[PDB]
file model.cif (mmCIF, C-alpha atoms)
data_model
#
loop_
_atom_site.label_atom_id
_atom_site.label_comp_id
_atom_site.auth_asym_id
_atom_site.auth_seq_id
_atom_site.Cartn_x
_atom_site.Cartn_y
_atom_site.Cartn_z
CA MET R 638 104.50 98.53 77.24
CA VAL R 639 106.18 95.11 77.63
CA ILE R 640 108.28 96.05 80.68
CA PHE R 641 105.39 98.25 81.84
CA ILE R 642 103.04 95.29 82.24
CA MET R 643 105.88 93.20 83.67
CA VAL R 644 106.25 95.65 86.57
CA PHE R 645 102.46 95.98 86.80
CA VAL R 646 102.00 92.23 87.34
CA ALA R 647 105.01 92.07 89.66
CA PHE R 648 103.43 94.57 92.07
CA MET R 649 99.84 93.38 91.59
CA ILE R 650 100.47 89.77 92.62
CA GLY R 651 102.32 91.05 95.69
CA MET R 652 99.50 93.35 96.78
CA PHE R 653 96.73 90.81 96.13
CA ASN R 654 98.83 88.28 98.04
CA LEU R 655 99.20 90.77 100.91
CA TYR R 656 95.58 91.87 101.44
CA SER R 657 93.78 88.64 100.47
CA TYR R 658 92.83 87.80 104.09
CA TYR R 659 91.46 91.27 104.94
CA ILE R 660 88.37 91.15 102.68
CA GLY R 661 86.08 92.30 105.51
CA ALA R 662 88.36 94.97 106.98
CA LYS R 663 89.58 97.86 104.78
CA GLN R 664 87.12 100.74 104.35
CA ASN R 665 87.03 101.20 100.59
CA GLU R 666 86.66 98.25 98.24
CA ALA R 667 89.09 96.23 96.05
CA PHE R 668 92.73 95.34 96.77
CA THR R 669 91.14 91.95 97.51
CA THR R 670 90.21 89.90 94.45
CA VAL R 671 92.70 89.57 91.59
CA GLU R 672 90.43 91.26 89.04
CA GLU R 673 89.36 93.81 91.66
CA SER R 674 92.92 94.69 92.75
CA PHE R 675 94.12 94.96 89.14
CA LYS R 676 91.67 97.87 88.91
CA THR R 677 92.88 100.08 91.77
CA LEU R 678 96.43 99.25 90.74
CA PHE R 679 95.76 100.24 87.12
CA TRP R 680 94.02 103.53 87.97
CA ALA R 681 97.01 104.65 90.08
CA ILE R 682 98.89 105.33 86.82
CA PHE R 683 96.35 108.06 86.03
CA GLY R 684 96.07 109.34 89.61
CA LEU R 685 92.40 108.38 89.91
CA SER R 686 93.07 105.82 92.66
CA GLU R 687 92.75 106.76 96.33
CA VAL R 688 95.52 106.44 98.91
CA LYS R 689 92.88 105.58 101.52
CA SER R 690 92.72 102.16 99.82
CA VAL R 691 95.68 101.08 101.98
CA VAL R 692 94.07 101.62 105.42
CA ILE R 693 92.73 98.70 107.49
CA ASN R 694 89.88 98.64 110.03
CA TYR R 695 91.82 96.24 112.26
CA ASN R 696 95.03 97.52 113.81
CA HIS R 697 97.84 95.32 112.45
CA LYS R 698 99.86 98.46 111.69
CA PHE R 699 102.76 96.44 110.25
CA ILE R 700 100.75 95.15 107.29
CA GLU R 701 99.29 98.63 106.72
CA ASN R 702 102.79 100.11 106.56
CA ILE R 703 103.91 97.34 104.19
CA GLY R 704 101.00 98.35 101.98
CA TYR R 705 102.05 102.00 102.06
CA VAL R 706 105.64 101.16 101.12
CA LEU R 707 104.75 98.68 98.36
CA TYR R 708 102.12 100.95 96.81
CA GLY R 709 104.31 104.05 97.07
CA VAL R 710 107.43 102.35 95.68
CA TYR R 711 105.24 101.00 92.87
CA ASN R 712 104.09 104.52 92.00
CA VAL R 713 107.59 106.04 92.17
CA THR R 714 109.48 103.30 90.34
CA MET R 715 107.11 102.48 87.51
CA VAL R 716 105.55 105.91 86.87
CA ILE R 717 108.53 108.18 87.45
CA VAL R 718 111.11 105.90 85.82
CA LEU R 719 109.01 104.65 82.90
CA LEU R 720 107.71 108.11 81.94
CA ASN R 721 111.21 109.60 81.68
CA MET R 722 112.21 106.49 79.73
CA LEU R 723 109.36 107.08 77.27
CA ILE R 724 109.99 110.80 76.73
CA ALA R 725 113.79 110.66 76.66
CA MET R 726 113.83 107.65 74.34
CA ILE R 727 111.15 109.04 72.01
CA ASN R 728 113.04 112.32 71.61
CA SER R 729 116.05 110.09 70.99
CA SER R 730 113.95 108.45 68.27
CA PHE R 731 113.06 111.75 66.60
CA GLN R 732 116.53 113.31 66.57
CA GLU R 733 118.04 110.41 64.60
CA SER K 540 109.20 84.74 106.21
CA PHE K 541 109.43 80.95 106.42
CA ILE K 542 111.18 81.29 109.80
CA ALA K 543 108.16 83.26 111.00
CA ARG K 544 105.68 80.68 109.71
CA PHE K 545 107.70 77.90 111.37
CA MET K 546 107.62 79.78 114.69
CA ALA K 547 103.85 80.19 114.46
CA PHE K 548 103.56 76.49 113.58
CA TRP K 549 105.62 75.58 116.65
CA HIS K 550 103.65 77.73 119.10
CA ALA K 551 100.27 76.65 117.74
CA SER K 552 101.39 73.01 117.47
CA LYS K 553 102.46 73.09 121.11
CA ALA K 554 99.06 74.62 121.90
CA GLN K 555 96.74 72.15 120.15
CA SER K 556 99.26 69.50 121.26
CA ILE K 557 98.69 70.45 124.91
CA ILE K 558 94.92 69.84 124.73
CA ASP K 559 95.44 66.12 123.99
CA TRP K 586 94.11 88.54 116.21
CA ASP K 587 97.25 89.16 118.25
CA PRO K 588 98.75 92.60 117.47
CA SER K 589 102.43 91.54 117.35
CA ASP K 590 101.78 87.94 116.23
CA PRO K 591 104.50 86.54 113.90
CA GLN K 592 102.08 85.05 111.34
CA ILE K 593 101.07 88.50 110.09
CA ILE K 594 104.79 89.27 109.91
CA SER K 595 105.06 86.20 107.67
CA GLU K 596 102.22 87.30 105.39
CA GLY K 597 103.76 90.78 105.48
CA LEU K 598 107.31 89.99 104.39
CA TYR K 599 106.12 87.24 102.03
CA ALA K 600 104.59 89.94 99.82
CA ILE K 601 107.85 91.91 99.60
CA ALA K 602 109.63 88.67 98.70
CA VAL K 603 106.99 88.12 96.00
CA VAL K 604 107.72 91.57 94.54
CA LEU K 605 111.51 91.13 94.59
CA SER K 606 111.41 87.61 93.12
CA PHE K 607 109.08 88.78 90.35
CA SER K 608 111.49 91.68 89.76
CA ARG K 609 114.53 89.37 89.48
CA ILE K 610 113.69 88.44 85.85
CA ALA K 611 115.85 91.32 84.59
CA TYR K 612 118.78 88.87 84.78
CA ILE K 613 117.38 86.72 81.94
CA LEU K 614 115.67 89.62 80.14
CA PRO K 615 118.68 91.10 78.23
CA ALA K 616 119.28 87.99 76.06
CA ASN K 617 116.59 89.01 73.55
CA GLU K 618 117.28 91.51 70.75
CA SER K 619 114.60 94.18 71.17
CA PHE K 620 114.59 94.09 74.99
CA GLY K 621 118.36 94.45 75.43
CA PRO K 622 118.95 98.13 74.63
CA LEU K 623 115.87 99.03 76.69
CA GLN K 624 117.18 97.19 79.77
CA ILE K 625 120.58 98.83 79.19
CA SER K 626 119.25 102.40 79.02
CA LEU K 627 117.07 101.96 82.13
CA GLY K 628 120.13 101.76 84.36
CA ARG K 629 121.62 104.89 82.81
CA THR K 630 118.47 106.91 83.45
CA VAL K 631 118.30 105.70 87.07
CA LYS K 632 121.97 106.55 87.66
CA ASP K 633 121.11 109.95 86.20
CA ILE K 634 118.16 110.61 88.52
CA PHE K 635 119.91 109.61 91.76
CA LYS K 636 121.91 112.85 92.08
CA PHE K 637 118.61 114.72 91.63
CA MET K 638 117.01 112.54 94.33
CA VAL K 639 119.62 113.99 96.71
CA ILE K 640 118.43 117.61 96.45
CA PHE K 641 114.87 116.29 96.17
CA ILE K 642 114.95 114.78 99.66
CA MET K 643 116.85 117.82 100.95
CA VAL K 644 113.93 120.08 100.00
CA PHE K 645 111.46 117.43 101.22
CA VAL K 646 112.97 117.39 104.72
CA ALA K 647 113.34 121.19 104.73
CA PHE K 648 109.59 121.67 104.25
CA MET K 649 108.52 118.68 106.35
CA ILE K 650 110.27 119.79 109.55
CA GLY K 651 108.73 123.24 109.10
CA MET K 652 105.19 121.92 108.69
CA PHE K 653 105.44 119.40 111.54
CA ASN K 654 106.88 122.20 113.67
CA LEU K 655 103.95 124.44 112.68
CA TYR K 656 100.98 122.13 113.31
CA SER K 657 102.35 120.10 116.24
CA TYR K 658 100.09 121.82 118.82
CA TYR K 659 96.85 121.44 116.79
CA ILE K 660 96.55 117.63 117.08
CA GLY K 661 92.90 117.85 118.16
CA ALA K 662 91.79 120.57 115.72
CA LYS K 663 92.21 120.03 111.95
CA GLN K 664 89.48 117.97 110.28
CA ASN K 665 91.45 115.37 108.35
CA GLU K 666 94.32 113.48 109.94
CA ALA K 667 98.15 113.77 109.81
CA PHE K 668 100.27 116.93 109.51
CA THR K 669 100.81 116.21 113.22
CA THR K 670 103.29 113.43 113.97
CA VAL K 671 106.62 113.34 112.14
CA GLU K 672 105.94 109.97 110.49
CA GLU K 673 102.32 110.98 109.87
CA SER K 674 103.18 114.36 108.29
CA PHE K 675 105.90 112.82 106.11
CA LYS K 676 103.04 110.90 104.49
CA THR K 677 100.74 113.75 103.42
CA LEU K 678 103.84 115.67 102.38
CA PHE K 679 105.10 112.75 100.28
CA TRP K 680 101.77 112.09 98.54
CA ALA K 681 101.55 115.73 97.40
CA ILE K 682 104.22 114.94 94.78
CA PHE K 683 101.74 112.57 93.11
CA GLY K 684 98.69 114.79 93.66
CA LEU K 685 96.97 112.26 95.93
CA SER K 686 97.11 114.57 98.96
CA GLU K 687 94.17 116.82 99.84
CA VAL K 688 94.35 120.60 100.18
CA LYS K 689 91.74 120.39 102.96
CA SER K 690 94.59 119.08 105.14
CA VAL K 691 95.56 122.70 105.86
CA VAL K 692 92.26 123.84 107.45
CA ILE K 693 91.87 124.19 111.24
CA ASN K 694 88.75 123.79 113.40
CA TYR K 695 89.82 126.70 115.62
CA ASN K 696 89.98 130.14 114.03
CA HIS K 697 93.63 131.27 114.25
CA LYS K 698 93.47 132.29 110.59
CA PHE K 699 97.11 133.44 110.60
CA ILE K 700 98.50 129.94 111.16
CA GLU K 701 96.08 128.53 108.57
CA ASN K 702 97.33 131.03 105.99
CA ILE K 703 100.95 130.23 106.88
CA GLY K 704 100.09 126.60 106.18
CA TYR K 705 98.59 127.48 102.80
CA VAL K 706 101.66 129.49 101.79
CA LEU K 707 104.22 126.95 103.01
CA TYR K 708 102.41 123.99 101.43
CA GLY K 709 101.76 125.83 98.17
CA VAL K 710 105.31 127.17 97.85
CA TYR K 711 106.54 123.64 98.59
CA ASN K 712 104.45 122.26 95.72
CA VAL K 713 105.48 124.99 93.25
CA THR K 714 109.19 125.11 94.06
CA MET K 715 110.03 121.44 94.41
CA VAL K 716 107.62 119.91 91.88
CA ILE K 717 107.69 122.53 89.14
CA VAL K 718 111.40 123.31 89.40
CA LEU K 719 112.70 119.77 89.98
CA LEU K 720 110.61 118.22 87.19
CA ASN K 721 111.92 120.66 84.55
CA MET K 722 115.40 120.04 85.95
CA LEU K 723 114.96 116.28 85.47
CA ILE K 724 113.57 116.44 81.93
CA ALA K 725 115.83 119.20 80.61
CA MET K 726 118.95 117.62 82.12
CA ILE K 727 118.08 114.09 80.97
CA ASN K 728 117.55 115.27 77.39
CA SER K 729 120.87 117.05 77.87
CA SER K 730 122.26 113.64 78.86
CA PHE K 731 120.93 111.91 75.74
CA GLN K 732 122.04 114.48 73.17
CA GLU K 733 125.71 114.23 74.19
CA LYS B 442 121.45 75.51 80.64
CA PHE B 443 119.95 78.94 79.88
CA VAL B 444 116.55 77.73 78.69
CA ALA B 445 116.35 75.23 81.56
CA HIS B 446 117.42 77.70 84.25
CA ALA B 447 115.09 80.43 82.95
CA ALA B 448 112.18 77.98 82.57
CA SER B 449 112.54 76.67 86.13
CA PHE B 450 112.56 80.27 87.31
CA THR B 451 109.25 80.72 85.48
CA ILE B 452 107.73 77.66 87.18
CA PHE B 453 108.88 79.13 90.50
CA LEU B 454 106.85 82.24 89.66
CA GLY B 455 103.94 80.03 88.60
CA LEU B 456 103.99 78.14 91.89
CA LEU B 457 104.01 81.54 93.61
CA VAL B 458 100.85 82.59 91.73
CA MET B 459 99.07 79.28 92.37
CA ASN B 460 100.06 79.39 96.04
CA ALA B 461 98.57 82.89 96.22
CA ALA B 462 95.31 82.15 94.36
CA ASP B 463 94.26 79.46 96.85
#
call {"tool": "encode", "arguments": {"input": "model.cif", "output": "structure tokens"}}
result
Amino acid sequence: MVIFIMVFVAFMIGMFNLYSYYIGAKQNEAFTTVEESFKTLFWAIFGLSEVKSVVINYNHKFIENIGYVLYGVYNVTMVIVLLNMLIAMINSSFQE
Amino acid sequence: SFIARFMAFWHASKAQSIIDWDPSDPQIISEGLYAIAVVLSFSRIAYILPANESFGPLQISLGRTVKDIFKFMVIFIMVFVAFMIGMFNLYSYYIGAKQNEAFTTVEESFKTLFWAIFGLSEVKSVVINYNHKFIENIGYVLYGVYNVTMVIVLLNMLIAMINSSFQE
Amino acid sequence: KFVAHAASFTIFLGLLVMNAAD
């Protein structure tokens, strides 16, 4: 859980820092305030977040793509790496 | 990023110096890359992490598991491309038909086909507003068999082979 | 040198967060 929340904060400050000026643009809510972006970034661990959170009602397609890559790489890295760490290391803990 | 902000400062400073939502504008490039730099710099603390007792072995095993999953990522993206070119090739003529977006352009279909690994894609992506029920069914079978084969086979490969890597 | 280097890294992160907040 230590390294888990380290990665969580590392991505969350980046995303909040990215979308902070768009508060009146993106369709669905959050990814705007710190406490409001922490939510959609926490519920992505359980798959209850929506991908449509990354779209913008302006054009600015570069920032939108940066959001897709940061959010996706967050999901892949932290979920897929940390889960296999947990299972493999916990079975390692039982066998010994 | 700071180069970009300096360029914006020079153009705007020449502008408001002369008196007395641009799509490609560099300032949004600055805010854009500045976030990636935030993520990397926050993720550079793994250099000073290993010094502590309980965090050292964790940090050490992380790299081994990543090195283990790379060679699976190879076949993973092989299957990914194999299905993606088929789907893009299938729906390329329907651009004005299906309800929800994507499955049309290469870069746009790569998205809905990537987010199906995490379950955030929608099945309703396969429906068509024409009739043409044969092509719709082909989409259901190709997308479904993609999900089954790559997800269900490659996950059990990863877990079973990584436990195989620990035990030895 | 280790505690000083690491600490100054942490104040770099802190200045990043305070630059982002406002």
call {"tool": "resolve_selection", "arguments": {"input": "model.cif", "expression": "the PyMOL selection byres ((chain B) within 8 of (chain R))", "output": "PDB file with C-alpha atoms, in the coordinates of the input"}}
result
ATOM      1  CA  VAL B 458     100.850  82.590  91.730  1.00  0.00           C
ATOM      2  CA  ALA B 461      98.570  82.890  96.220  1.00  0.00           C
ATOM      3  CA  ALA B 462      95.310  82.150  94.360  1.00  0.00           C
TER       4      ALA B 462
END
call {"tool": "atom_distance", "arguments": {"input": "model.cif", "atom1": "CA of residue 721 in chain R", "atom2": "CA of residue 710 in chain K"}}
result
24.6 Å
call {"tool": "resolve_selection", "arguments": {"input": "model.cif", "expression": "the PyMOL selection byres ((chain K) within 8 of (chain R))", "output": "PyMOL selection string"}}
result
chain K and resi 588-589+593-594+596-597+599-601+603-604+607-608+627+630-631+683-685+724+727-728+731-732
call {"tool": "interface_residues", "arguments": {"input": "model.cif", "of": "chain B", "to": "chain K", "cutoff": "8 Å", "atoms": "all atoms listed in the file", "output": "ChimeraX atom specification"}}
result
/B:447,454,457
call {"tool": "residues_near_point", "arguments": {"input": "model.cif", "point": "(109.6, 126.8, 109.1)", "cutoff": "12 Å", "atoms": "all atoms listed in the file", "output": "VMD selection string"}}
result
chain K and resid 646 to 656 700 703 to 704 706 to 708 711
call {"tool": "decode", "arguments": {"input": "model.cif", "residues": "range 651-687 of chain K", "atoms": "N, CA, C and O atoms", "output": "PDB file, in the first residue's frame"}}
result
ATOM      1  N   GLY K 651      -7.793  -6.209 -38.434  1.00  0.00           N
ATOM      2  CA  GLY K 651      -8.993  -6.862 -38.931  1.00  0.00           C
ATOM      3  C   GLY K 651     -10.249  -6.046 -38.687  1.00  0.00           C
ATOM      4  O   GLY K 651     -11.090  -5.897 -39.577  1.00  0.00           O
ATOM      5  N   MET K 652     -10.389  -5.496 -37.477  1.00  0.00           N
ATOM      6  CA  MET K 652     -11.589  -4.729 -37.151  1.00  0.00           C
ATOM      7  C   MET K 652     -11.640  -3.417 -37.928  1.00  0.00           C
ATOM      8  O   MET K 652     -12.677  -3.070 -38.514  1.00  0.00           O
ATOM      9  N   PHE K 653     -10.533  -2.666 -37.934  1.00  0.00           N
ATOM     10  CA  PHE K 653     -10.474  -1.451 -38.744  1.00  0.00           C
ATOM     11  C   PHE K 653     -10.776  -1.751 -40.204  1.00  0.00           C
ATOM     12  O   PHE K 653     -11.478  -0.985 -40.873  1.00  0.00           O
ATOM     13  N   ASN K 654     -10.250  -2.866 -40.716  1.00  0.00           N
ATOM     14  CA  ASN K 654     -10.526  -3.251 -42.094  1.00  0.00           C
ATOM     15  C   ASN K 654     -11.991  -3.622 -42.292  1.00  0.00           C
ATOM     16  O   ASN K 654     -12.518  -3.491 -43.404  1.00  0.00           O
ATOM     17  N   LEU K 655     -12.662  -4.083 -41.235  1.00  0.00           N
ATOM     18  CA  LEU K 655     -14.056  -4.502 -41.352  1.00  0.00           C
ATOM     19  C   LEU K 655     -15.014  -3.315 -41.361  1.00  0.00           C
ATOM     20  O   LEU K 655     -15.938  -3.262 -42.183  1.00  0.00           O
ATOM     21  N   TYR K 656     -14.830  -2.364 -40.446  1.00  0.00           N
ATOM     22  CA  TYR K 656     -15.792  -1.284 -40.252  1.00  0.00           C
ATOM     23  C   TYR K 656     -15.442   0.002 -40.995  1.00  0.00           C
ATOM     24  O   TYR K 656     -16.126   1.012 -40.803  1.00  0.00           O
ATOM     25  N   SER K 657     -14.396  -0.003 -41.826  1.00  0.00           N
ATOM     26  CA  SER K 657     -13.886   1.244 -42.393  1.00  0.00           C
ATOM     27  C   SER K 657     -14.892   1.956 -43.291  1.00  0.00           C
ATOM     28  O   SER K 657     -14.777   3.173 -43.480  1.00  0.00           O
ATOM     29  N   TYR K 658     -15.870   1.242 -43.847  1.00  0.00           N
ATOM     30  CA  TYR K 658     -16.839   1.829 -44.767  1.00  0.00           C
ATOM     31  C   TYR K 658     -18.106   2.317 -44.073  1.00  0.00           C
ATOM     32  O   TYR K 658     -18.968   2.912 -44.730  1.00  0.00           O
ATOM     33  N   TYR K 659     -18.238   2.074 -42.773  1.00  0.00           N
ATOM     34  CA  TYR K 659     -19.447   2.347 -42.006  1.00  0.00           C
ATOM     35  C   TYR K 659     -19.415   3.672 -41.252  1.00  0.00           C
ATOM     36  O   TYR K 659     -20.283   3.902 -40.406  1.00  0.00           O
ATOM     37  N   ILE K 660     -18.432   4.536 -41.533  1.00  0.00           N
ATOM     38  CA  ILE K 660     -18.106   5.685 -40.682  1.00  0.00           C
ATOM     39  C   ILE K 660     -19.335   6.502 -40.284  1.00  0.00           C
ATOM     40  O   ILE K 660     -19.364   7.101 -39.201  1.00  0.00           O
ATOM     41  N   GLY K 661     -20.371   6.521 -41.119  1.00  0.00           N
ATOM     42  CA  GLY K 661     -21.561   7.289 -40.797  1.00  0.00           C
ATOM     43  C   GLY K 661     -22.739   6.478 -40.291  1.00  0.00           C
ATOM     44  O   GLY K 661     -23.882   6.941 -40.352  1.00  0.00           O
ATOM     45  N   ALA K 662     -22.482   5.271 -39.778  1.00  0.00           N
ATOM     46  CA  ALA K 662     -23.556   4.342 -39.429  1.00  0.00           C
ATOM     47  C   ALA K 662     -23.604   4.062 -37.930  1.00  0.00           C
ATOM     48  O   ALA K 662     -24.555   4.486 -37.272  1.00  0.00           O
ATOM     49  N   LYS K 663     -22.613   3.363 -37.373  1.00  0.00           N
ATOM     50  CA  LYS K 663     -22.691   2.889 -35.993  1.00  0.00           C
ATOM     51  C   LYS K 663     -22.937   4.035 -35.020  1.00  0.00           C
ATOM     52  O   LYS K 663     -22.426   5.144 -35.197  1.00  0.00           O
ATOM     53  N   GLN K 664     -23.735   3.754 -33.986  1.00  0.00           N
ATOM     54  CA  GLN K 664     -24.153   4.760 -33.015  1.00  0.00           C
ATOM     55  C   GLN K 664     -22.963   5.443 -32.355  1.00  0.00           C
ATOM     56  O   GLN K 664     -22.667   6.609 -32.639  1.00  0.00           O
ATOM     57  N   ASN K 665     -22.274   4.721 -31.479  1.00  0.00           N
ATOM     58  CA  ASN K 665     -21.126   5.282 -30.790  1.00  0.00           C
ATOM     59  C   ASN K 665     -19.934   5.380 -31.738  1.00  0.00           C
ATOM     60  O   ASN K 665     -19.894   4.764 -32.808  1.00  0.00           O
ATOM     61  N   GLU K 666     -18.959   6.178 -31.330  1.00  0.00           N
ATOM     62  CA  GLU K 666     -17.842   6.550 -32.184  1.00  0.00           C
ATOM     63  C   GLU K 666     -16.843   5.394 -32.305  1.00  0.00           C
ATOM     64  O   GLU K 666     -17.086   4.260 -31.884  1.00  0.00           O
ATOM     65  N   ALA K 667     -15.702   5.705 -32.904  1.00  0.00           N
ATOM     66  CA  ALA K 667     -14.504   4.895 -33.158  1.00  0.00           C
ATOM     67  C   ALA K 667     -14.825   3.651 -33.989  1.00  0.00           C
ATOM     68  O   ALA K 667     -15.789   3.636 -34.766  1.00  0.00           O
ATOM     69  N   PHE K 668     -14.031   2.598 -33.778  1.00  0.00           N
ATOM     70  CA  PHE K 668     -13.934   1.446 -34.672  1.00  0.00           C
ATOM     71  C   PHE K 668     -13.957   1.871 -36.138  1.00  0.00           C
ATOM     72  O   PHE K 668     -14.519   1.169 -36.983  1.00  0.00           O
ATOM     73  N   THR K 669     -13.328   3.003 -36.453  1.00  0.00           N
ATOM     74  CA  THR K 669     -13.393   3.556 -37.800  1.00  0.00           C
ATOM     75  C   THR K 669     -12.006   3.925 -38.307  1.00  0.00           C
ATOM     76  O   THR K 669     -11.500   3.306 -39.246  1.00  0.00           O
ATOM     77  N   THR K 670     -11.397   4.946 -37.709  1.00  0.00           N
ATOM     78  CA  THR K 670     -10.017   5.286 -38.014  1.00  0.00           C
ATOM     79  C   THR K 670      -9.076   4.325 -37.292  1.00  0.00           C
ATOM     80  O   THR K 670      -9.440   3.690 -36.298  1.00  0.00           O
ATOM     81  N   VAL K 671      -7.854   4.207 -37.817  1.00  0.00           N
ATOM     82  CA  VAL K 671      -6.855   3.337 -37.199  1.00  0.00           C
ATOM     83  C   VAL K 671      -6.586   3.776 -35.763  1.00  0.00           C
ATOM     84  O   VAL K 671      -6.717   2.992 -34.816  1.00  0.00           O
ATOM     85  N   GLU K 672      -6.213   5.048 -35.586  1.00  0.00           N
ATOM     86  CA  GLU K 672      -5.904   5.559 -34.254  1.00  0.00           C
ATOM     87  C   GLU K 672      -7.138   5.591 -33.363  1.00  0.00           C
ATOM     88  O   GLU K 672      -7.016   5.529 -32.134  1.00  0.00           O
ATOM     89  N   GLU K 673      -8.327   5.708 -33.957  1.00  0.00           N
ATOM     90  CA  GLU K 673      -9.557   5.725 -33.172  1.00  0.00           C
ATOM     91  C   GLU K 673     -10.042   4.322 -32.811  1.00  0.00           C
ATOM     92  O   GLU K 673     -10.677   4.146 -31.765  1.00  0.00           O
ATOM     93  N   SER K 674      -9.762   3.318 -33.651  1.00  0.00           N
ATOM     94  CA  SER K 674     -10.129   1.941 -33.325  1.00  0.00           C
ATOM     95  C   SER K 674      -9.138   1.301 -32.359  1.00  0.00           C
ATOM     96  O   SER K 674      -9.534   0.476 -31.522  1.00  0.00           O
ATOM     97  N   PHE K 675      -7.856   1.667 -32.464  1.00  0.00           N
ATOM     98  CA  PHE K 675      -6.864   1.225 -31.488  1.00  0.00           C
ATOM     99  C   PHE K 675      -7.286   1.569 -30.066  1.00  0.00           C
ATOM    100  O   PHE K 675      -6.922   0.862 -29.118  1.00  0.00           O
ATOM    101  N   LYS K 676      -8.084   2.626 -29.902  1.00  0.00           N
ATOM    102  CA  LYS K 676      -8.503   3.053 -28.574  1.00  0.00           C
ATOM    103  C   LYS K 676      -9.533   2.092 -27.992  1.00  0.00           C
ATOM    104  O   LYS K 676      -9.301   1.472 -26.949  1.00  0.00           O
ATOM    105  N   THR K 677     -10.691   1.964 -28.650  1.00  0.00           N
ATOM    106  CA  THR K 677     -11.720   1.051 -28.159  1.00  0.00           C
ATOM    107  C   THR K 677     -11.218  -0.383 -28.083  1.00  0.00           C
ATOM    108  O   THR K 677     -11.720  -1.171 -27.275  1.00  0.00           O
ATOM    109  N   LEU K 678     -10.237  -0.751 -28.909  1.00  0.00           N
ATOM    110  CA  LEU K 678      -9.684  -2.091 -28.779  1.00  0.00           C
ATOM    111  C   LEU K 678      -8.648  -2.198 -27.669  1.00  0.00           C
ATOM    112  O   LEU K 678      -8.382  -3.309 -27.199  1.00  0.00           O
ATOM    113  N   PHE K 679      -8.051  -1.083 -27.245  1.00  0.00           N
ATOM    114  CA  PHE K 679      -7.150  -1.133 -26.098  1.00  0.00           C
ATOM    115  C   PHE K 679      -7.911  -1.116 -24.777  1.00  0.00           C
ATOM    116  O   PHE K 679      -7.519  -1.799 -23.826  1.00  0.00           O
ATOM    117  N   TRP K 680      -8.987  -0.334 -24.692  1.00  0.00           N
ATOM    118  CA  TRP K 680      -9.743  -0.222 -23.452  1.00  0.00           C
ATOM    119  C   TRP K 680     -10.625  -1.432 -23.171  1.00  0.00           C
ATOM    120  O   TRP K 680     -11.238  -1.489 -22.099  1.00  0.00           O
ATOM    121  N   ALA K 681     -10.719  -2.386 -24.099  1.00  0.00           N
ATOM    122  CA  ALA K 681     -11.428  -3.630 -23.823  1.00  0.00           C
ATOM    123  C   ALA K 681     -10.639  -4.555 -22.907  1.00  0.00           C
ATOM    124  O   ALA K 681     -11.230  -5.455 -22.299  1.00  0.00           O
ATOM    125  N   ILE K 682      -9.322  -4.356 -22.801  1.00  0.00           N
ATOM    126  CA  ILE K 682      -8.512  -5.142 -21.874  1.00  0.00           C
ATOM    127  C   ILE K 682      -8.902  -4.828 -20.436  1.00  0.00           C
ATOM    128  O   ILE K 682      -8.898  -5.710 -19.568  1.00  0.00           O
ATOM    129  N   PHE K 683      -9.242  -3.571 -20.164  1.00  0.00           N
ATOM    130  CA  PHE K 683      -9.610  -3.114 -18.834  1.00  0.00           C
ATOM    131  C   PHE K 683     -11.115  -3.099 -18.603  1.00  0.00           C
ATOM    132  O   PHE K 683     -11.558  -2.682 -17.529  1.00  0.00           O
ATOM    133  N   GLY K 684     -11.906  -3.538 -19.580  1.00  0.00           N
ATOM    134  CA  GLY K 684     -13.345  -3.593 -19.419  1.00  0.00           C
ATOM    135  C   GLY K 684     -14.057  -2.265 -19.498  1.00  0.00           C
ATOM    136  O   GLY K 684     -15.254  -2.203 -19.202  1.00  0.00           O
ATOM    137  N   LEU K 685     -13.362  -1.198 -19.888  1.00  0.00           N
ATOM    138  CA  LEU K 685     -13.967   0.121 -19.992  1.00  0.00           C
ATOM    139  C   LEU K 685     -14.561   0.398 -21.368  1.00  0.00           C
ATOM    140  O   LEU K 685     -15.187   1.448 -21.556  1.00  0.00           O
ATOM    141  N   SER K 686     -14.368  -0.499 -22.331  1.00  0.00           N
ATOM    142  CA  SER K 686     -15.039  -0.403 -23.616  1.00  0.00           C
ATOM    143  C   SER K 686     -16.495  -0.852 -23.497  1.00  0.00           C
ATOM    144  O   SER K 686     -16.886  -1.549 -22.556  1.00  0.00           O
ATOM    145  N   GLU K 687     -17.303  -0.436 -24.469  1.00  0.00           N
ATOM    146  CA  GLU K 687     -18.714  -0.784 -24.528  1.00  0.00           C
ATOM    147  C   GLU K 687     -18.950  -1.819 -25.620  1.00  0.00           C
ATOM    148  O   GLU K 687     -18.352  -1.741 -26.699  1.00  0.00           O
TER     149      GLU K 687
END
